[PDB]
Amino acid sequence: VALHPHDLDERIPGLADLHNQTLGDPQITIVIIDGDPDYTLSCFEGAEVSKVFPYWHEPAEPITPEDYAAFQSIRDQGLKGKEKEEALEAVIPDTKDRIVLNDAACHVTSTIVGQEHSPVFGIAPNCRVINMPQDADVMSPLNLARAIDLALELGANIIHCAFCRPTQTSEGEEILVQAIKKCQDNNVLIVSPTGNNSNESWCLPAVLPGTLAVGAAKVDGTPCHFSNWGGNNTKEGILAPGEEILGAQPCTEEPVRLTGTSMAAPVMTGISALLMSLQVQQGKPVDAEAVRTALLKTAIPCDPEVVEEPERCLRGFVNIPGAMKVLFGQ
């Protein structure tokens, strides 16, 4: 029986049992590199969250509730594609792109640290979360590397990198590669999404060695058609719930369900946070690489008779119960 009923218990075998053992520990710090979330929401009341704005950015003009209202109205109407961007352009041309970021940062941050009994109950609500907004080229590898270095200095155990910088290969700028290696050398996990390009292009940092790449799964566990895959996405990535994931949006207590690898990544950041929290609770040392390799090696591969291209599932669907066996002997 689940002591902390979570929306993803039925889609994620072993989640409920893991929540019965922990909701996170404050000694585990997650730094989220994304936009600027809304801490006034009740899902963050009592959450140990704080913002650190990179000092080398000039802060952007605040965004009016009205602009957020406009964005959400166009979403609620279910407009999509060209029609959606013509709508956004007509009412909020100068803030549409920042709102996309900030909105997603709300959703992602709540998926991770949302407090129980609020509108959004996240995976790891008792962990310490530092948002590092990039609201103020901003996805350039230089700037992500700089952000990463700071996240380490801030004491990150996990760095959730919400960003996808395009690439047609596994090569990224060396500065970013060095930043990822630096995370491995310091026992810090980096999670990031594989992207929603349907393999028309790939993403940095997902495809760089060292990162935990995350792909998006449907409700039934099969991979979403748009979720990028192949190369290092497959070798070092894992599939997790990505469709219809519940989360927050700014300025309103009403939550919204979103779809994408950006919504699957946070779930894995959360699951990883709990596995690390459990190490602390049991006096074992915190070990990011053990957690990452445990998740990868126990991931369940898709059935070739159900999914046409199994490599789309990357190493496989997240398998908490296997992870628990490897790390804790359960």
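Position 1 is the first residue in the sequence shown; the rest follow in order.
Where coordinates are absent for parts of the deposited sequence, a chain break appears; between neighbours residue 136 and residue 137 it spans 4 to 9 residues. When the C-alpha B-factors of 77-85 and 153-161 are averaged, 77-85 comes out higher. The mean Cα B-factor in the deposited entry runs higher for 110-118 than for the other of 234-242 and 110-118.
Of the candidates 203, 92, 217, 123, the PDB record gives 92 the highest C-alpha temperature factor. Looking only at 301, 270, 35, 62, the residue with the top Cα B factor in the deposited structure is 62.
Residue 186: CA B factor in the middle third of modelled residues in this chain (values from the PDB entry).
In the deposited entry, the Cα temperature factor of residue 247 sits in the middle third of values across the chain's modelled residues. Residue-level temperature factors show residue 51 in the middle third of its chain, judged at the C-alpha atom. Residue 277: CA B factor in the middle third of modelled residues in this chain (values from the PDB entry). Ranked by C-alpha B-factor against the other modelled residues of its chain, residue 1 falls in the highest third.
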